[PDB]
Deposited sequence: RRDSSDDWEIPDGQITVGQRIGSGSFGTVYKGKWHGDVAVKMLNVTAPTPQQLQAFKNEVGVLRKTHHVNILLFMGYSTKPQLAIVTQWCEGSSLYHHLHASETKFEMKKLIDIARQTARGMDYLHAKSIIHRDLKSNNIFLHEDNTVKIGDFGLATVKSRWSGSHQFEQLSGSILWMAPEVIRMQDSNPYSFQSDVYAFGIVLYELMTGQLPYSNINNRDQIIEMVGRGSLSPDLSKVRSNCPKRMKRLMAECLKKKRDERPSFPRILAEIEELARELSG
């Protein structure tokens, strides 16, 4: 079993949430990230369900994917991954002052696309892709997280597709809805802002994005943004999930764009 024995893992600096739990800067002589799952009294049923999904994290291994190091049962259900010293992409873009050149802006997008391309190759739908789950490792490598517990909403609707928002299906999520979320990530990178800064009401954004009368303002992108990047971003943000490009052709046009400039 991959189960880390009790006591070997300790938590310290709290980061926050953290879908299906709470993440910490943990430790076992080597900085690791610990997600403390919100499960009080584990019944042997959901303990097995968590066991099986851990079994998935075992063989889902990629360079732009958060490395799964192990899990815990006692004293609390925890997911242990590697620690990214460069924090998350949301922090650098919206929470701090960091001179981001277009050079590495596009590169962050390229690594994020490949990480998502692998997840879709492994037939995994992320469902939570945002700049909060994009972590910058100290070796200047983008790491995607919060994709676990796939076979098992709050409270970030900025990255949610119009068809996901409404919603109409019990399972509205698809590979194409992951693309839209990536399209917002692209928007954050190029503009340097979260979408819908003008509108404050969360209830109104729900109504308007679902309606189709509210879209990210592509005008607020930086002047040094390549034009091929902009309309690619526009294709990812299209309302109908049918017309959205797949990650294979997303990754294709981005990496070929990097060698043009």
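Peer 1: Take the full deposited sequence, match it to the modelled residues, and report the stretches without C-alphas.
Peer 2: Unobserved in coordinates, per deposited numbering: 1-6, 159-170, 280-281.
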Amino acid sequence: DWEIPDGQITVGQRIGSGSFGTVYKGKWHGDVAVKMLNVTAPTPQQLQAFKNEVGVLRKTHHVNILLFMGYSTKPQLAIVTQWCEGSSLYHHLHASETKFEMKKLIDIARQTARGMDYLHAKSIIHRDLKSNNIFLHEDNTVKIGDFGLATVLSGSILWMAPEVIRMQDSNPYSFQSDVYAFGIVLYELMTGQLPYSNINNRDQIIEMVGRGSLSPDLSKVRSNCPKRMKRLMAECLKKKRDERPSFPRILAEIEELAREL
From here on, numbers count along this sequence of modelled residues.
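Peer 1: Pick between 168-176 and 84-92: the one whose mean CA B-factor in the entry is higher.
Peer 2: Going by the record's values, the stretch with the higher mean is 168-176.
Peer 1: Do the CA atoms of 66-74 or those of 221-229 have the higher mean B-factor in the entry?
Peer 2: For C-alpha atoms only, the mean B-factor is higher in 221-229.
Peer 1: For the listed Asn133, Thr98, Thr191, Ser123, which has the peak Cα B-factor recorded in the PDB entry?
Peer 2: The C-alpha B-factor peaks, among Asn133, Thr98, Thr191, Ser123, at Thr98.
Peer 1: Quick one: which of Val34, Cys236, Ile205, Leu37 has the biggest Cα B-factor according to the entry?
Peer 2: Of the candidates given, the C-alpha B-factor peaks at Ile205.
Peer 1: Where does the C-alpha B-factor of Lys103 rank in its chain, lowest, middle or highest third?
Peer 2: Highest third - that is where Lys103 ends up once the chain's C-alpha B-factors are sorted.
Peer 1: Could you place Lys240 in the lowest, middle or highest third of its chain by Cα temperature factor, using the values in the record?
Peer 2: Its C-alpha B-factor belongs to the highest third of this chain's values.
Peer 1: Against its chain's modelled residues, does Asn140's Cα B factor rank lowest, middle or highest third?
Peer 2: For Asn140, the deposited C-alpha B-factor lands in the middle third.
Peer 1: Once the chain's modelled residues are ordered by C-alpha B factor and cut into thirds, is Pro162 in the lowest, middle or highest one?
Peer 2: For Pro162, the deposited C-alpha B-factor lands in the middle third.
Peer 1: Please rank the C-alpha B-factors of the chain's modelled residues and tell me whether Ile79 sits in the lowest, middle or highest third.
Peer 2: CA B-factor rank for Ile79: middle third.
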